[PDB]
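Top line first, the protein sequences correspond to chains A, B, C and D.
Residue numbers for the first sequence follow the entry's author numbering, beginning at 4728 and rising by one.
Going by the entry's author numbering, the letters in the second sequence line up with residues 4487 to 4523, 4558 to 4672, 4696 to 4964, in that order.
Residue numbers for the third sequence follow the entry's author numbering, beginning at 4873 and rising by one.
Residue numbers for the fourth sequence follow the entry's author numbering, beginning at 4053 and rising by one.
The beta-carbon is built from N, C-alpha and C at its ideal position, and this holds for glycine as well.
For reference, the structure discussed in these notes is given below.
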Amino acid sequence: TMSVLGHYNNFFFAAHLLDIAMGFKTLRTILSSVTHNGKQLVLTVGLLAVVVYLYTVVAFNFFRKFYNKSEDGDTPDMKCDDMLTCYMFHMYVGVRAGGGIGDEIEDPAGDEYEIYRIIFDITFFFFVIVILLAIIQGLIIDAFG
Amino acid sequence: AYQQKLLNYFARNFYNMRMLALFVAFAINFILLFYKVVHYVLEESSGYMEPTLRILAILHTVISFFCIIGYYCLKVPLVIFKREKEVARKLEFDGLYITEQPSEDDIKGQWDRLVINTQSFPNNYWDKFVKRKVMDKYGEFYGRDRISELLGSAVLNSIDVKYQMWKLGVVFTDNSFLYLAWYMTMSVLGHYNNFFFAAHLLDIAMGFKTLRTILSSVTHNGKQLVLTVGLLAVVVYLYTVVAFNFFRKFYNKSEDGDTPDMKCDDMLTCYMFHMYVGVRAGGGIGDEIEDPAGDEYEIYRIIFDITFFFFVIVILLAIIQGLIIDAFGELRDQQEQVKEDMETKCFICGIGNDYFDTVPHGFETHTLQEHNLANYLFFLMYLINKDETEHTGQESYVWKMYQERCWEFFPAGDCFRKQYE
Amino acid sequence: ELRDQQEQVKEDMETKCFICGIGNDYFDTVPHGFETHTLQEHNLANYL
Amino acid sequence: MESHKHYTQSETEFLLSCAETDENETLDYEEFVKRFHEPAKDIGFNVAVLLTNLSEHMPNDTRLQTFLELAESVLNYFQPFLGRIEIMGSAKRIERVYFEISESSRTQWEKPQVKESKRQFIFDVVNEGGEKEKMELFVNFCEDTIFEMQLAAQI
Ligand SMILES: [Zn+2]
Ligand SMILES: [Zn+2]
């Protein structure tokens, strides 16, 4: 039917190439090494997303004005008092962030709240780096084993 | 009849509503994401947001109340069955407070000194025998003084209260009870403040048990893990010690030095800055540094800190991935040896999957019949069912063995075709 | 490897005393004979 | 009963004349058998244990095998209901002992929390434990399990 949809639309026609996943059987062992434990894997990553979800719950309720995509505040300050798009932005900045959830922070001026937010979020990016990585490498290399 | 009826009901209808408390927590988190800053709640086309919000919030607190009632109905008697069994046999086989007098560890145990004064003690091991037996066996030779050392809406203040007060003190020693009770108090704090109300969701950590294996894979080695990470923090601490004492002016958050230069001659906030970047830097402790202008100190600082970020990348990562993936491997080890030893050696057998395949499908039947794990249990029921008069001399014999708890009736596991074949 | 070391330690302690070096096999045909075998038959510090 | 086909019709009518033939001709299930048949169930159970341990003691006896297999529906009935265990109770051969399992106690065992704590206890023992405190703690788990089934029975 993908081949048929190419006769209707020859642009998703090139999307056939999931057949090599049942193609050369070493690649099928690769995908099986993915998927044979993949029940635990996927349910684990969903649990991980719930962890990050609850983290962004925790990483809002005192920290409500600070972090902005804005041009210093001249452009309107992009801290999210919506809960949902805070999750979206928080999750996104914990997924494709790099240096945890500290990159998009006000540098530490030194409020009593600010020692808290600095140590808070550097340890919580650290705990991300603990949990989600340990999921990935442990689950996959043990699947290979 | 209301109370006892609901006791029997929360007995018979408990884990269903435990899963319902799970689902209601999910329903909490689905909606607890529509806030807008004075704080209020946004409205969408479902015109019942705040009513059913408040309803299901206080109702989930009510569900927590329901499950703590059902848990008081739940394995609390098995808890005290273990406890009273333990204490009564450490009076029976031991007599701990008679002469032995255990140390200050486990005043869980030493807590049970004065419950032996309470004459209602061995209820939930059905074993009122133990009191007068210890009195006869241990108490006579050490004296009638020791016998006195151990003997000595309407109905509210006319019963054995200190027995029950002792019992509740034992109840508070529990971990799962404290877990669900703290969960309940979170539900209470939601009635006081329905904003940390959504923080219930650590209960899924003892929820679906695969997640509990995940958290156990965290925590079973977690002693070494946490002490290691503390050691790591000390390593970084001492590194920032080393990474100050020549390098004292260089690295600044400042706007080139027009804004005041942010290098830290405090030792403490130098640690804070260093540690912070290390745990949220990415590239290392080189990102926030001057350009390698080429001082003799500067070759030193460049090579210094690029290798020391490198050594961070060695040590802290190797901690993380080695500890966690080896924890996963240990989790594998446990259950694979389980599935080994189940397929080889029954506990009453303990010989192997070897003799009973020389009997072809004799290991199948050997498992199912020869040691048939719960049937020896069912015989223990049968002993507890029958009476020693009613017993056979074989039954009363092994019962007398059970009075000794000497287990020798149980063989090497050599079965009926092992005596002859 | 650090795991390997101590797991083989806890293997060979539960099987073969150094003066014994036979296994956890004959001395369970004597039921709780391996317990006593460890504690008495080779009783490590007593040869010391 | 003839729709069930399970009885010879002579014995169906032996049961019919046996039952009540009363109030028109009607009959109760329980009050005709139960108060006597369940004791007789225990009796023929003991017979089944008796012939069973005749076989188990003394095998390979086509006389006994024939006498056994003619009785066989009883054996098939009580096959969960029999208790059967093995020991060495000072007779110093390897000594099997057969007895009664209350099936109500297995409906108590039918509780899956028993099964889960049971498998957990399996994991506990295979995880670690002294081989001499092994069956000791096993029996202790059994004792807790017995009391647990008392608890589940009184609900
Ligand atoms: Zn055996
Ligand atoms: Zn030896």
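Using a Cβ-Cβ cutoff of less than 6 Å, which residues in the same chain neighbour residue i once the five nearest sequence positions on both sides are dropped?
i       : result
B/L4866 : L4768
A/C4807 : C4813 and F4816
D/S4125 : none
B/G4629 : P4622
Can residue i be considered in contact with ligand 1, in the sense that its beta carbon sits closer than 7 Å to one or more heavy atoms?
i       : result
B/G4956 : yes
B/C4889 : yes
Report yes if the CB atom of residue i is closer than 8 Å to the CB atom of residue j, and no otherwise.
i       : j       : result
B/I4862 : A/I4868 : no
D/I4139 : B/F4890 : no
B/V4779 : B/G4827 : no
D/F4084 : D/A4092 : no
B/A4577 : B/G4733 : yes
D/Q4160 : D/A4204 : yes
D/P4132 : D/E4147 : no
A/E4833 : A/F4793 : yes
B/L4770 : A/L4811 : no
B/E4831 : B/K4882 : no
B/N4644 : B/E4604 : yes
B/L4634 : D/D4196 : no
D/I4198 : B/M4924 : yes
B/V4714 : B/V4596 : yes
D/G4135 : B/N4918 : yes
D/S4157 : B/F4921 : yes
B/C4892 : B/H4914 : yes
A/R4844 : B/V4523 : no
Could you tell me if the beta carbon of residue i falls within a distance shorter than 7 Å of some heavy atom in ligand 2?
i       : result
C/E4886 : no
C/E4913 : yes
C/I4894 : yes
B/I4618 : no
Give me, in chain order, the residues of the same chain whose beta-carbon lies closer than 7 Å to that of residue i; leave out the 5 immediate sequence neighbours on both sides.
i       : result
B/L4744 : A4511 and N4515
A/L4774 : none
A/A4824 : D4830
D/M4053 : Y4059 and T4064
Under three-state DSSP, which class holds residue i?
i                       : result
residue 4524 of chain B : What the structure lacks is residue 4524 of chain B: chain B is numbered 4523, then 4558, with the residues between left out.
D/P4164                 : helix
D/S4169                 : helix
B/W4646                 : coil
A/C4813                 : helix
B/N4637                 : coil
C/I4891                 : coil
residue 4212 of chain D : The shown model of chain D, from 4053 to 4207, leaves out residue 4212 of chain D, and the question about it has no answer.
B/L4699                 : coil
D/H4056                 : coil
C/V4902                 : coil
B/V4778                 : helix
B/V4822                 : coil
B/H4934                 : coil
A/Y4843                 : helix
Can you pull the DSSP bridge partners for residue i?
i       : result
D/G4135 : D/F4151
D/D4074 : D/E4077
B/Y4521 : B/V4561
Using a Cβ-Cβ cut-off of 8 Å (strictly less than) and excluding sequence neighbours within five positions of residue i, which residues of its own chain qualify?
i       : result
B/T4756 : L4874
D/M4110 : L4116
B/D4900 : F4906
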